[PDB]
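S.K.: After the structure tokens below, expect a handful of questions from me.
Nothing in this text is a laboratory measurement; each read-out follows from the coordinates by a stated rule. No Cβ is skipped: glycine too gets one built from the backbone with ideal geometry, and neighbour counts run over all protein chains shown.
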Amino acid sequence: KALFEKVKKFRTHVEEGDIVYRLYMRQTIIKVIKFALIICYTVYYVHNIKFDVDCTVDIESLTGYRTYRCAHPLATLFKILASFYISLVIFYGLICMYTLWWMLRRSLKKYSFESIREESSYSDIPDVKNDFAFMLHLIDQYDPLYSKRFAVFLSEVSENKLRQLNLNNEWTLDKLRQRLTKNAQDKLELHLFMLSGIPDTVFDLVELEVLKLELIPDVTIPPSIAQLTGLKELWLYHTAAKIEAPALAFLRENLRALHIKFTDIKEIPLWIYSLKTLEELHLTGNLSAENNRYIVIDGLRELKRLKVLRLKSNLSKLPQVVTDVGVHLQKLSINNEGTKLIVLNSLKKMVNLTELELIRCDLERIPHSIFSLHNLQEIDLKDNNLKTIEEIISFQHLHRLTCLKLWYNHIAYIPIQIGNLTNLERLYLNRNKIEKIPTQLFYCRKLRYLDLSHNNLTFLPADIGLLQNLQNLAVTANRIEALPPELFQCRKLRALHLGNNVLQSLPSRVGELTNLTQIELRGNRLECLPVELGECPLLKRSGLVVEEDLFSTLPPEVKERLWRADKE
Amino acid sequence: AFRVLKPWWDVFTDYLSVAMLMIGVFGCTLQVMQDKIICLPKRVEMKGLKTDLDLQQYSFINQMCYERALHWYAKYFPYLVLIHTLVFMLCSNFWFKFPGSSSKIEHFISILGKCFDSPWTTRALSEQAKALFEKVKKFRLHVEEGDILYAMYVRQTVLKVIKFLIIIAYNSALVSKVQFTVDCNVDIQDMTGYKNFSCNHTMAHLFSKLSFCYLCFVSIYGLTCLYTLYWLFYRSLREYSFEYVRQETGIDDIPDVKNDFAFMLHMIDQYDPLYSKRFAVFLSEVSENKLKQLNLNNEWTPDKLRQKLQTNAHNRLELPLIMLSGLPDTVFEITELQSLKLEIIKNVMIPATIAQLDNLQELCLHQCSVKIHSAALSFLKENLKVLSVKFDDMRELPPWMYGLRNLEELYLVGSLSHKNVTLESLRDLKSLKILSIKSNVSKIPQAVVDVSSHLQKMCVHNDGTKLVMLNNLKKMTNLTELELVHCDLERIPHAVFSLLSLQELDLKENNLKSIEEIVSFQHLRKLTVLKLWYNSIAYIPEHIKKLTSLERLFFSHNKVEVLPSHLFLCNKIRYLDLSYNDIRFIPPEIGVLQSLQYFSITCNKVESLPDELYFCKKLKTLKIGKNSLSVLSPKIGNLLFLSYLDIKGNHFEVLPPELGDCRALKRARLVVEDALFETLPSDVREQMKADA
Amino acid sequence: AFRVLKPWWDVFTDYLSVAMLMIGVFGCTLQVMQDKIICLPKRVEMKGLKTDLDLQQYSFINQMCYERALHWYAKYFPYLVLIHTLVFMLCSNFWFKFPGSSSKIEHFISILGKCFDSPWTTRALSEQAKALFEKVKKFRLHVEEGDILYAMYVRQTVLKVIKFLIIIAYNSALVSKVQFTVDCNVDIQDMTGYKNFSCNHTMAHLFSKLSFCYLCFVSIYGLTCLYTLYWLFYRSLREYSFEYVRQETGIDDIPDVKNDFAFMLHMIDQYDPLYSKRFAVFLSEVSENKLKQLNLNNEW
């Protein structure tokens, strides 16, 4: 890895330069021209070295003589030396001309580098620029193999493989074992997030039940995923991952749920339609397209075993393929999260549907097609800006109408037609502006759970004793200052969320709440806690949400038993 | 050590010096072997011209004319060149043969080579290096004070230039003086019979050519010297400014250097432009922070954090920090901590990893300059509910703490006024309910009025400063409990009278004496708690009877000499603190205090207690203290609810056994002398100590 | 071992000795090859002055007059320079060539290198060296009982200064004796018929200037030796108190050193003050206690 780092550093440093090439070219030019000059003038002047010379220095006042014949013994020897030296010069000049001609013909400012990568299929061996190609060519002149021995370290594939090896070395099965967690679904989860690649060791922990992937760059599933028997649900967040055929075959029968969170359409692998045991599918992100919307998801029809469906895509039209595949869907969830959706009457064709959730779809009204779903039992229409809900009378059609949610809306009044809807067992209409509770609401005696918090309600009708099946009610952030005695007539009331109201005093009949497990009184304008609150069998400090000062009004024995049950 | 200090001109000068040494030695050798003068007399079909002389006479004449006629510089040219080359070599090596500065040079070479050799520099630019960091700092502390090396190099270059100039200037004139031939008219006549002599020595013209070549070499030498000196007299090497490392790596450190470091760095850059880049990393402060953080993260273990994990004061899982240089990411792996305490930790940068600390509501900072990331700031804005901050000179205060809209409780320990409070606007603290400030604030800030629309409890406990402006405290509409300590007020303010929602009231260390404004405290019909701690109070008005809402009373450490009867009129008072006062007698009206559950008169002159004091059957805490009591009544056996009793330091003789009739009272809850407790029976003392 | 025992003046004296040795060799070579005395009878249109003498007579006259007339100092001067330079080199090397003190010198060099090489010294000033502490204390038990090394070095310095003084003293008087010309009267008459002879040898003036340069070098050597000897008898090298490690590092240990140890520390400080500082770490009792505490916390 440090070698790769130094390779990148050196490529940045020297690939630009083109300095050593220029200096060597200048030196070669100097050598060639100097050889030419000496081979010229030395051979010009070679003849002057002669054994016998004739000199007339004209010294007669000292000698009397004028002319002299003289002998230089080494002149033949110096002629031999000159011939030998100039032959050496000819050899040097031939070598230098060979070098310069080869350099000019070569054009070695860019290393071709394509033969080696073509032969070894190492496509990541780019041609390097000057001051790197020249030296590469020189080393090839010394030894071609040394080029390849460096080429593999300019190979990005090799660098990625080395990094993957280091990734596998780093991970220990124990760290993944401690990294295995339990979700809210009691499923062993190993969520891999911002991880470069797959370490195959994760395939040894077959106990993995849910795999969640986020910000993992385009990995490919190796066949060893076949060792992960317990995987049933999958979560992939923003990954255009690939797969292998054995992996696809294993997931074709060993996958139960799939969840995808994509920013772009391509982040969905196309082999998803080949998984035939998929039952729950979750998709997050804008899949909206123009003139080809709901066409990329056309393969859902191939997902015969698809039952559950969660959508978070800000859609405005119901997909055609989703409508066609809804024949075997038992639950459909859409979260347009602001975008208004038009059913186009295409929601009734999924008669097998049992649950339906449309949160923040800005419906503003109930289309009739919802009532056509005879198997529908629960329904949530949160943040659809619902002001008038008098259409509930058509809910007489649904004989298995178990629950309903219309919270986070503009509902300020309760239509009486809900009295027809006796099949209801739960209701949640909080975050609204409801001010009164009609007696007719108490005609749905099957009601068991309620959450009417954050409303203008200021009283509780005496007909609460009618709703004996009720066990949980929330009225937080309301104007409640009085509690009817009939509130205590439901002896099976388990837990209550009554905090943050204007309740002056709590009636002593709280002791009648024998099944009272959890109670919220924080924010109430209470002064003294009733002593009968301390006689409830299932009361605990955890189930007692109330301020300490108001709680201190309770008898000390009540406090001691509360703390003892807290420790036990 | 011996190669990295040599620029190109140094190498070229060294080569020229070697060539000049060869020239001088070869000239000396030729002078030794072949340099001889042949002499003949000058003045006189051709025939011989014999002068009838022998060979020894020839030799003597040659010696004499060589000594006389031959030019001295011509004879000494080889020695001259050798001497000058020796001087050049000696002065060129003397820079590194000078041990006093050569030690610094060698240390610089070692540190530069080690720093360039360190891979951590390459890692950071993208183990023991940290320890190596130490040496670098040591070096930059000791060697920046030098620069004598630079002056020495300047002196050496100047001397070399002067030598070259002199050599050229005089040898140019002296070269023409020599000739192949020569003549001498010495008084060899009458010793040989001849005076005029024509002579010559062979090596003359060859020496001339060699000298011309040597002078050209010295000319090139001087040109190199001039280039070097120009580069020395044009760049001002006294300071080296990087201005590229800061731009590239974004590290504003490595600001500059002294003269010596600049000289060495310039020489390194001339030798190689990248070794300086690799060397300056260990001088970088931010790189040093990166190395320290990495080493600390590797050294730290989450197990030690789990062990040091504890509960804070406000029952939250706290992870105190006492001395750290940064944030261990392992701390971010501990998501279960409900509190976090930082003490004396400067230069704190919180990344987005605070999102891991999901279950966090209280943060304790003690003398820490803490900066966040926008992601960390957002996570704290939506998750931080309690905050504890200690600052000393306001330099550790993070501005973003004023942007927390989910913050509920705030703790400050640090002066603001340093006369107005230097407080930023408390506008974004949209959930601030509790505010406790420890400062020396002079006037109450307007910023808290920006938060009083939902603020519930504001407290300022100064170190004795006198609170001047009471206008803002009148605006505390949503205030519920007010605590003012040591505010040097000396009088009851008009602002509290404008705070009707007050349920608790504190006037500790305010040194009040005349407290007759309880009529204006009847303006607070919710005044359940009112404190008058550490005051000069000695007088209780009748009108205190009008506060039926009173449920807790504090009058400890006051000048109250006699307590009045009307003081007992507020029956709803459950807590009574009359300790550390001048109270000697307890009026019997205390009998009406049936609901009174606390009564402390510790360190008073209490000499007797009426029986009606025992009529307070709900008294679960009784603290008489070191008073002047002499006897204890049996009636205290009727206090079946008494849990804590303190009568230590009194003059009791025998304690009545009826003390054992107090079921909730134990030996731990009873403060008596050894002899006092010994007066209790064996069964009573055993029941108080154990279950017998 | 062979490098850090040389202060700046020691290296200067080494260079001076090398120059003097080379000059003596050059003079000896010149004497061997070319040094010859030429002699002619002195007492006597201008023509030749033949004295009807042969070459054998020429050589014999040259021999006899060179043996007689030329100063013995002049003839032995290259040899004298060579001898004195050889004595200087021998006494320079003998300080380390005597095994009895050379063993202590080698042990000191090795222990100083090992101690300064230990990075725990830098750790304290900010592994196995703990055991090396024993050698340190063992070393402080052994060489501090010496100081005869100091006496030997003082003897060497005194002898070198004495040699320089004697060389200057008699060479100054002898320098003016050499002359280019000379005369000799021997009973070569009735052997050759002549008695008076004027003679000269070529080397004379060149050797005179050579002697001038040699005497200048001897003067420089004397100045260097004088500086060394003066420093020996001014700073009182028999005791060395650091007064810097104790003040800087805050360690009240390292009380003092003995004569030999003080002399060694003085010489090292002359070479480099910092090596002595890094070696003083292991003489520090506080540091040694800290290292023992660190080792004990590791081992426990």
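S.K.: Look through region C:245-276, keep the residues that are farther than 18 Å from C:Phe139 by Cβ and among the polar types (S, T, N, Q), and return whichever of them is nearest to the other protein chains (Cβ to nearest Cβ).
M.R.: This residue is C:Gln270.
S.K.: For region A:169-199, which positions are part of a helix (DSSP H, G or I) and under 21 Å from A:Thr239 (Cβ atoms)? If you could, list the steps in order and put the result at the bottom.
M.R.: Going through region A:169-199, the residues part of a helix (DSSP H, G or I) turn out to be A:169-170, A:173-179.
Matches in region A:169-199: A:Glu170, A:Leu176, A:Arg179.
S.K.: Out of the helices (runs of 4 or more DSSP H) lying entirely within region A:1-118, which hold 1 or more residues that are farther than 30 Å from B:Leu125 by Cα?
M.R.: Details: elements: A:2-14, A:20-45, A:74-106.
Fully inside region A:1-118 and qualifying: A:20-45, A:74-106.
S.K.: Next up: Please specify each residue of region B:587-602 satisfying the condition of being crowded, with 20+ Cβ neighbours inside 10 Å and among the aliphatic types (A, V, I, L, M).
M.R.: B:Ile590, B:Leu593, B:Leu596, B:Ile601
The rows are residues; the columns are (1) surrounded by 12 or more Cβ atoms within 10 Å (Cβ to Cβ); (2) hydroxyl-bearing (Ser, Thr, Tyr); (3) in contact with a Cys (Cβ under 9 Å, 6 or more places away or on another chain).
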position	(1), (2), (3)
B:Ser17	yes, yes, no
B:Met20	yes, no, no
B:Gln34	no, no, no
B:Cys39	yes, no, yes
B:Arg43	yes, no, no
B:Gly48	no, no, no
B:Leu53	yes, no, no
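S.K.: When you go through (1) part of a loop (DSSP other than H, G, I, E, B); (2) surrounded by 17 or more Cβ atoms within 10 Å (Cβ to Cβ); (3) not aromatic (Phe, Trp, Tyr) one by one for B:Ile636, which number turns out not to apply?
M.R.: (1)
S.K.: Only residues that are assigned to a helix (DSSP H, G or I) and among the acidic types (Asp, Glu): list them for region A:257-312, please. Before the answer, list the steps.
M.R.: We begin by selecting, within region A:257-312, every residue assigned to a helix (DSSP H, G or I); these are A:265-267, A:270-274, A:298-302.
Answer for region A:257-312, where residues must be assigned to a helix (DSSP H, G or I) and among the acidic types (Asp, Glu): A:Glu267, A:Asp298, A:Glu302.
S.K.: Okay, next question. Just one of B:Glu243, B:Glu248 is of a type outside the set (A, V, I, L, M, F, W, C), more than 26 Å from B:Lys160 (Cβ to Cβ) and outside any helix (DSSP H, G or I); which is it?
M.R.: B:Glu243
S.K.: With A:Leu100, A:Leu62 as the choices, which residue is touching a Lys or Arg at 6+ places or on another chain (Cβ under 9 Å), surrounded by 11 or more Cβ atoms within 10 Å (Cβ to Cβ) and within 14 Å of another protein chain (Cβ to nearest Cβ)? Before the answer, list the steps.
M.R.: On the way: A:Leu100 fails: within 14 Å of another protein chain (Cβ to nearest Cβ).
Of A:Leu100, A:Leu62, the one residue that is touching a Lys or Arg at 6+ places or on another chain (Cβ under 9 Å), surrounded by 11 or more Cβ atoms within 10 Å (Cβ to Cβ) and within 14 Å of another protein chain (Cβ to nearest Cβ) is A:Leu62.
S.K.: Can you say whether C:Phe212 is more than 30 Å from B:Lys104 (Cβ to Cβ), within 14 Å of chain B (Cβ to nearest Cβ), exposed (fewer than 12 other Cβ atoms within 10 Å of the Cβ) and not acidic (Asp, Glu), as far as the supplied structure shows? Reasoning before the result, please.
M.R.: Details: more than 30 Å from B:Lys104 (Cβ to Cβ): yes; within 14 Å of chain B (Cβ to nearest Cβ): yes; exposed (fewer than 12 other Cβ atoms within 10 Å of the Cβ): yes; not acidic (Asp, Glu): yes.
Answer is yes for this residue.
S.K.: Here's something else I'd like to know. Can you name the residue in region C:159-192 that is closer than 19 Å to C:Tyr221 by Cα and of a type outside the set (A, V, I, L, M) and, of all such residues, is farthest from the other protein chains (Cβ to nearest Cβ)?
M.R.: Result: C:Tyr170.
S.K.: (1) surrounded by fewer than 15 Cβ atoms within 10 Å (Cβ to Cβ); (2) under 28 Å from C:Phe2 (Cβ atoms); (3) touching a helix residue (DSSP H, G or I) at 6+ places or on another chain (Cβ under 9 Å); (4) not β-branched (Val, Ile, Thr): which one isn't true of C:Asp256, the others all being true?
M.R.: Result: C:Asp256 passes all but (2).
S.K.: Name the residues in region B:134-153 that are outside any loop (DSSP other than H, G, I, E, B), more than 23 Å from the chain's Cα centre (by Cα) and over 17 Å from B:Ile109 (Cβ atoms), would you?
M.R.: B:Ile148, B:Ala151, listed by residue number.
S.K.: For region B:599-640, which positions are acidic (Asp, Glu) and in contact with a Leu (Cβ under 8 Å, 6 or more places away or on another chain)?
M.R.: Taking region B:599-640 as the starting set, the residues that turn out to be acidic (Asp, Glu) are B:607, B:611-612.
Passing the criteria: only B:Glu607.
S.K.: Which one of these is closer than 30 Å to A:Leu398 by Cβ and out of contact with any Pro (no Cβ under 9 Å at 6 or more places or on another chain): A:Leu450, A:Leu513?
M.R.: Working: A:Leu513 fails: closer than 30 Å to A:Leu398 by Cβ.
Result: A:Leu450 is the single residue among A:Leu450, A:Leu513 that is closer than 30 Å to A:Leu398 by Cβ and out of contact with any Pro (no Cβ under 9 Å at 6 or more places or on another chain).
S.K.: List the number of the failed condition for A:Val206; all other conditions in (1) part of a loop (DSSP other than H, G, I, E, B); (2) more than 17 Å from A:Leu190 (Cα to Cα) hold.
M.R.: Result: A:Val206 passes all but (2).
Rundown of residues vs (1) surrounded by 15 or more Cβ atoms within 10 Å (Cβ to Cβ); (2) of a type in the set (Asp, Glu); (3) assigned to a helix (DSSP H, G or I); (4) on the phi < 0 side of the Ramachandran plot, yes/no style:
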site: A:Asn375; (1), (2), (3), (4): no, no, no, yes
site: A:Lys382; (1), (2), (3), (4): yes, no, no, yes
site: A:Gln396; (1), (2), (3), (4): no, no, yes, yes
site: A:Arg400; (1), (2), (3), (4): no, no, no, yes
site: A:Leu404; (1), (2), (3), (4): yes, no, no, yes
site: A:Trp407; (1), (2), (3), (4): yes, no, no, yes
site: A:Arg431; (1), (2), (3), (4): yes, no, no, no
site: A:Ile434; (1), (2), (3), (4): yes, no, no, yes
site: A:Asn478; (1), (2), (3), (4): yes, no, no, yes
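Let's see how each residue does on (1) among the hydrophobic types (A, V, I, L, M, F, W, C); (2) within 30 Å of the chain's Cα centre (by Cα); (3) at positive phi:
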{"residue": "A:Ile125", "(1), (2), (3)": "yes, no, no"}
{"residue": "A:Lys129", "(1), (2), (3)": "no, no, no"}
{"residue": "A:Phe132", "(1), (2), (3)": "yes, no, no"}
{"residue": "A:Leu136", "(1), (2), (3)": "yes, no, no"}
{"residue": "A:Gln141", "(1), (2), (3)": "no, no, no"}
{"residue": "A:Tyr146", "(1), (2), (3)": "no, no, no"}
{"residue": "A:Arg149", "(1), (2), (3)": "no, no, no"}
{"residue": "A:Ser155", "(1), (2), (3)": "no, yes, no"}
{"residue": "A:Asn160", "(1), (2), (3)": "no, yes, no"}
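S.K.: Kindly establish whether C:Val175 is under 18 Å from C:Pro78 (Cβ atoms) and not small (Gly, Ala, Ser).
M.R.: Working: under 18 Å from C:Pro78 (Cβ atoms): yes; not small (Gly, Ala, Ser): yes.
Taking the combined requirement at face value, the residue satisfies it.
S.K.: Go through region B:548-567 and report how many residues are closer than 17 Å to B:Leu622 by Cβ and not aliphatic (A, V, I, L, M).
M.R.: Final tally of qualifying residues: 4.
S.K.: Looking at B:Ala131, is it more than 29 Å from the chain's Cα centre (by Cα) and either aliphatic (A, V, I, L, M) or within 12 Å of another protein chain (Cβ to nearest Cβ) (or both)? It would help to see each step written out before you state the result.
M.R.: Numbers: more than 29 Å from the chain's Cα centre (by Cα): no; either aliphatic (A, V, I, L, M) or within 12 Å of another protein chain (Cβ to nearest Cβ) (or both): yes.
When the stated conditions are applied, B:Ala131 does not pass them.
S.K.: Consider region B:301-343. How many of its residues are under 21 Å from the mean Cα position of the chain (by Cα) and part of a loop (DSSP other than H, G, I, E, B)? Let's see the steps before the verdict.
M.R.: Keep residues of region B:301-343 that are under 21 Å from the mean Cα position of the chain (by Cα), which gives B:320-328, B:341-343.
Imposing the further condition that a residue be part of a loop (DSSP other than H, G, I, E, B) reduces the set to B:322-328.
Residues flagged as under 21 Å from the mean Cα position of the chain (by Cα) and part of a loop (DSSP other than H, G, I, E, B) within region B:301-343 amount to 7.
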